[PDB]
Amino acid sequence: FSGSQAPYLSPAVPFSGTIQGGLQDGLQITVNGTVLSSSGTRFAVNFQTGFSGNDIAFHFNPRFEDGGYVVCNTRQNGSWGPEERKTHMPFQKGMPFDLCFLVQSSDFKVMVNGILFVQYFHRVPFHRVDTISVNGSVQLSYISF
């Protein structure tokens, strides 16, 4: 590791932890782990304000359902917005993955196993994000910065 916040090593799922200094343009956050085989049909990574879960700037939510698709959304003052759905599944049940979020001024760039998968254009100010959560059908090796 060569970043500036110590990695969360082998974090238990569900996980919620502080992002030191908050999201910043240029910050890269990696979630590295394995999708579980028979422990649910969904997982999510949430970039959120505090630990309540009612204000999530970016919810990245693969669903092994209806062919496999990924939901991208924002929750503000407790309410979900209109979902962006990509109708391709880049993960696989039982399989290891490397999931990398690069914060840019206009969007998150989301890379799955070294391929840019989606760009989520910010709906709310990313500076207000100070917490990352991961939940659902995954086990994690690390979350790094």
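All residue numbers refer to positions in the sequence shown, first residue = 1. In this text, the rigid core denotes the largest set of C-alpha atoms whose superposition between the two forms falls within 1.5 Å.
Between 31-39 and 45-53, which has the larger RMS C-alpha deviation from this form in 8 other deposited structures of this protein after core superposition? Result of the core-fitted comparison in 8 other deposited structures of this protein: 31-39 deviates more.
Using only the Cα atoms and their B-factors as the entry lists them, report which of 75-83 and 56-64 averages higher. On average, C-alpha B-factors are higher across 75-83.
Whose C-alpha has the highest temperature factor in the PDB entry: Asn46, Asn113, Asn32, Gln28? Spelled out: the listed residue with the top C-alpha B-factor is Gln28.
Chain-wide C-alpha B factor ranking for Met95, given as lowest, middle or highest third: Highest third of the chain for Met95's C-alpha B-factor.
Ranked against its chain, the third holding the CA B-factor of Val124: Its C-alpha B-factor, which the entry lists for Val124, ranks in the middle third among residues of this chain.
Would the CA B-factor of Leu102 place it in the lowest, middle or highest third of its chain? Within its chain, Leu102 is a lowest-third residue by C-alpha B-factor, going by the deposited values.
Third assignment of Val70 from its chain's C-alpha B-factors: As the PDB entry reports it, the C-alpha B-factor of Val70 lands in the lowest third of its chain.
Lowest, middle or highest third: where is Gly21 by Cα B-factor in its chain? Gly21: CA B-factor falls in the highest third of its chain.
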